[PDB]
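Below is one structure, written out as structure tokens; the observations come after it.
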Amino acid sequence: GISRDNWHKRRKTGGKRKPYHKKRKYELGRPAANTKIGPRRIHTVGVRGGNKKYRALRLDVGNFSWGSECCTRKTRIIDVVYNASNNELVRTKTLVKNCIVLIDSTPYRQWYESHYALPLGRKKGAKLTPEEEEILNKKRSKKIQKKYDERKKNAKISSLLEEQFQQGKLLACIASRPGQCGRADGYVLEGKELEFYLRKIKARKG
Amino acid sequence: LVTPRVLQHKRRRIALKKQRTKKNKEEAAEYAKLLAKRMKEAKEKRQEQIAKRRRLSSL
Amino acid sequence: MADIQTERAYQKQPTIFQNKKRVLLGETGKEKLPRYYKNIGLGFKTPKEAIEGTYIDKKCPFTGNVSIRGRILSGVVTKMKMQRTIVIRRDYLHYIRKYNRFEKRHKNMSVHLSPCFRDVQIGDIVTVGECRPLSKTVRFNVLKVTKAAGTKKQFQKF
Amino acid sequence: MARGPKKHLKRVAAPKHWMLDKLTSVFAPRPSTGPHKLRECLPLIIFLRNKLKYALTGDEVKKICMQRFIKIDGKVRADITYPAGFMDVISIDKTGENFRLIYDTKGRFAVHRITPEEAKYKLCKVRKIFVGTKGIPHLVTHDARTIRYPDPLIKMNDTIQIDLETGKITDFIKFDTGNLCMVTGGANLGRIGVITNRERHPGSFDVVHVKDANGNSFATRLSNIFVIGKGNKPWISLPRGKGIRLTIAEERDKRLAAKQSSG
RNA sequence: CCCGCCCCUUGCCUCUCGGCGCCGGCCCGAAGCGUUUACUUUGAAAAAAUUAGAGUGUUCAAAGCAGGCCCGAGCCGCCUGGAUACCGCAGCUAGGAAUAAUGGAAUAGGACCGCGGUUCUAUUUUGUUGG
RNA sequence: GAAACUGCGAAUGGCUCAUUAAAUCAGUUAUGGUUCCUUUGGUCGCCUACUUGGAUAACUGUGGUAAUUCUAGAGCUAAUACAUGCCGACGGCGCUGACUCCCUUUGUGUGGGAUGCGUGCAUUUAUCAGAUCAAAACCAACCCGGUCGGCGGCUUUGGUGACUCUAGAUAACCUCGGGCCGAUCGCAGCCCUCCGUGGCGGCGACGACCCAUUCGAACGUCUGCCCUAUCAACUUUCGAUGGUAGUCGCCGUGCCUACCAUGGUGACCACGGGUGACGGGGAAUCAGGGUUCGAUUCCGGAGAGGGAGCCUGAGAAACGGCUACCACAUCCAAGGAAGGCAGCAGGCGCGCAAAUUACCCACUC
């Protein structure tokens with residue numbers, strides 16, 4: 001119906017070619033996923049040669065990663081901020097490859113606190129002392145220090161990172177096609193990208 | 001309804017599975033012998049090359 | 001180089017990561033970027049200029065994804081007035097067997113040009129090679145540029 | 001016509017090395033899918049009534065194959081058509097006969113009878129090396145056998161002897177200059193001669209010179225060469241003719257010399 | 001009209017890795033190529049039928065791809081064909097160097113381990129790992 | 001052993017030449033840009049298991065409609081249909097380290113260690129590895145040839161001309177109703193610290209996941225075209241050419257969308273128009289060079305009254321499948337229903353112009 005033909009469209013000279021063969025099943029469209037954020041709705045689509053293709057509508061979880069220290073945990077996908085293909089897609093909260101979105105930022109802290117033995121940015125130390133100090137202080141004899149010594153000075157954590165934990169959000173990059181895969185996935189922004197997209201955000205809105 | 005014939009097909013079903021595992025054992029055994037054999041010839045060749053180099057250096 | 005972004009998106013090479021390990025350079029140092037390149041094979045050689053320089057382009061074969069496989073051809077420059085591509089020409093001779101004469105015919109083709117080459121001028125010989133499609137009228141990329149023909153680009157004392 | 005795959009091949013579309021006539025009807029057998037390619041096959045039924053003449057109609061072959069007197073590559077087959085090709089062994093055990101499929105210097109599959117002892121193995125070219133899962137290698141051959149754990153010096157364009165009984169190759173030949181080769185396709189076909197020289201081009205369609213023991217030099221593409229044994233010493237049995245590739249004048253001279261068309 | 005010689009002769013080197021030699025030392029095949037093309041010559045690769053054309057007594061022929069042999073059956077068989085040529089172009093391969101285009105140092109750079117001045121970089125070795 | 005469910009085929013063939021001028025098609029090349037039923041070869045263990053769950057047909061019986069290969073209601077009963085889900089043999093791996101022992105409090109050098117979680121392949125993402133070049137002089141931690149501060153001796157998959165290849169490691173992701181790892185069927189044998197059980201062996205049949213193969217399919221490269229200028233400028237936000245990102249698709253790609261640039265093509269004939277133009281292998285004539293024809297038995301393509309959409313399947317935008325509009329034409333109790341001979345015969349019409357409503361699966365497939 002809606003098709004992805006190539007026997008339409010002008011040649012280089014501005015010429016036209018007269019109608020040749022009728023539309024066929026291997027040149028075919030099928031309308032866009034237009035996936036949002038919400039409760040999971042998945043549809044299974046039969047596709048050529050078999051080998052079913054998953055189309056995801058309204059995901060709310062993706063597997064992001066923090067490849068700086070190589071941990072990857074499942075985290076909720078809150079809202080869109082920047083979509084580098086169009087401005088309109090952000091307004092209706094459409095989710096596609098290479099967007100910039102927000103997450104809860106929760107397990108990354110839990111991992112950091114247990115492994116590097118330090119909290120991130122904090123409102124107050126009063127919260128920590130009755131519980132959440134129980135993990136941070138430890139009763140080991142022998143391997144209070146012995147393990148943790150090797151973790152020291154490999155946890156400088158950068159300025160633009162640390163400030164974001166306090167808000168409870170982090171900026172990560174969709175590196176999947178949700179409409180073809182059936183899953184959202186990605187990597188979290190680091191380095192110069194994370195400097196770049198801040199400037200685009202503050203430029204465009206506000 | 002279970003009959004003796006049924007149980008044969010299930011007994012032969014598992015006999016083949018065990019036979020399969022025993023075969024992947026023996027192949028990897030022979031290949032390891034063969035693989036470890038070559039670790040010898042190659043070494044010898046390397047030694048020879050080294051000797052040649054030394055001779056060349058001589059002058 | 002220090003600016004290579006003018007898009008609404010960030011530009012970078014695949015197969016590159018930015019580590020956050022160690023901290024001590026003093027003033028400056030590693031630009032926090034190792035360069036990516038690869039061999040092309042077939043007796044063609046990567047330019048020094050590619051490995052030196054900084055550009056992000058995915059359609060050149062010295063950096064980005066695209067192979068050269070199948071045919072290899074030549075041509076000549078005729079025009080450049082487009083960004084990251086050129087136009088070229090192929091002069092050749094068509095024979096007729098009723099007569100015993102030939103006649104001239106030419107076709108024109110576009111082909112993509114790397115930001116690596118920037119010494120191109122209109123009238124240089126160019127070499128190209130078959131590739132997977134990049135665009136509607138681009139199927140090729142440059143492998144090499146040369147000048148070795150009459151009325152050279154600069155005075156003889158080289 | 002086409003919307004999916006075809007299931008007919010006519011008489012006149014079919015290759016000429018099956019030596020078909022033109023006064024039986026429009027269709028020809030067409031080999032069904034298998035390890036060999038249809039411009040290199042000899043379909044089974046063409047061996048049984050257009051060569052050896054046991055059968056006379058296709059319905060007879062259907063009554064024969066069902067009885068399970070036929071084998072191919074030491075296993076039992078039971079269909080009108082099977083795509084056996086170069087270097088396979090047919091085995092009828094009732095007659096005590098064994099055949100081999102190999103090329104005349106004319107370039108067509110002949111009758112090359114052999115001892116049953118010879119018919120316990122065949123010679124197979126290697127074409128591709130492919131590392132499988134968990135550090136295990138594979139071979140790929142033209143008869144489409146995947147033989148795991150080969151020796152680690154065997155590479156493509158070599159040939160390997162396979163025991164039909166147990167698989168799992170016992171020995172091999174290594175591709176080297178001066179070894180004896182047979183041709184399997186192209187304009188030169190069925191010629192036997194030593195390698196002599198190689199030629200390489202980065203790219204594709206490398207060629208391979210050849211010379212025989214009649215003092216003639218010729219060349220062919222790389223991928224039409226098959227190795228048969230070391231220099232002037234085949235590791236297989238050879239038919240009459242022996243890759244000489246006589247001119248037409250000399251062939252005339254032989255026939256009028258023996259005066260041979262009667263016994 | 002295939003080796004060499006006058007200066008040249010398939011122009012050179014540089015060498016280094018895997019063979020041939022001769023008595024550590026020395027010699028010569030393969031590796032980059034001779035500024036680029038047309039042209040010409042050799043290979044490769046080319047569906048069948050048709051066509052040309054070899055063989056074969058279709059009763060001769062148009063055709064066809066067959067068929068021919070010795071024995072009362074007592075051989076339980078023997079022998080043999082189903083060639084070869086052609087296939088505009090364009091593309092692939094190798095040889096030739098006349099002919100027709102194209103090529104270089106004249107506001108100099110070609111040659112030699114000729115030296116200086118200046119800068120960047122390669123990761124090998126002092127058994128290993130770090131400064 | 002009728003019938004009926006299930007599996008498979010019906011996308012092959014046959015027919016026509018209407019469309020179609022760089023399109024079709026031919027030679028040549030490319031998948032390192034992809035999909036592939038089937039065959040062939042490999043892949044086959046991290047109060048239920050002596051076998052799980054509940055309905056449909058045929059069948060039995062009662063009906064409706066003018067009419068259809070129309071169809072309702074009631075009573076039964078199956079599975080390689082349908083929906084479920086164990087067991088066996090896990091004595092698997094890394095990182096935590098309750099702890100405990102020796103020598104330097106610690107740190108750090110040590111040996112064992114309970115207790116936790118993950119630990120087949122497939123799927124998606126991030127990260128790491130994917131080694132060897134050419135030599136020395138001292139200092140810091142150190143093996144061996146060996147000694148109570150210092151000398152000599154080593155270093156580790158596969159493949160291509162060329163890949164972000166193949167295989168490996170780490171951290172995770174999991175699709176259920178929507179990955180795999182058999183609750184299936186037929187022939188004929190055995191063995192029991194032993195008496196029909198607990199065990200196991202051969203020969204098949206079917207099904208399923210992945211890899212390879214075969215038959216292809218689909219896009220892409222270079223070159224090749226009849227008449228016409230009383231057709232010379234054409235193409236563009238109704239994307240024309242390119243750049244960047246995304247969507248979609250089996251994949252590559254302005255294929256499509258957003259943003260941005262202003263290009264692309266032509267006297268070497270573009271663009272436009274015409275063709276009683278399907279293309280090629282070929283055919284007729286012919287000294288040499290040519291001219292003319294090719295609907296038509298082989299190969300490729302396109303189409304089934306004209307248009308469009310779609311289901312099923314590995315493969316179809318199918319017409320011996322379906323739905324709608326338009327042009328036709330048929331039946332009707334006027335409520336409705338049914339149709340597409342460019343398949344073989346046959347009829348009407350059209351014309352200068354063209355055969356039997358025959359016999360038969362024996363051959364060839």
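In the structure tokens, the first chain shown is A, the next is B, and so on; residue numbers restart at 1 for each chain, and ligands run from 1 in the order shown.
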What lies within 6 Å of region 115-130 of chain C using only C-alpha atoms (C1' of nucleotides), ignoring chain neighbours under 2 positions off, as a PyMOL selection string?
chain C and resi 50+68+70-78+140-147
7 Å contact set for residue 44 (chain A), only C-alpha atoms (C1' of nucleotides), chain neighbours under 6 positions out, as a ChimeraX atom specification:
/A:52-55 /F:178
Distance of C1' of residue 128 (chain F) from CA of residue 45 (chain C), expressed in Å to one decimal place:
29.6 Å
So how far away is CA of residue 60 (chain D) from CA of residue 101 (chain D), in Å?
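Distance between the two atoms: 22.6 Å.
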List as a PyMOL selection string the protein and nucleic acid residues near residue 30 (chain B), meaning an atom at most 12 Å away when only C-alpha atoms (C1' of nucleotides) are counted, but skip any in the same chain fewer than 3 places from it.
(chain B and resi 23-27+33-37) or (chain D and resi 148-151+168)
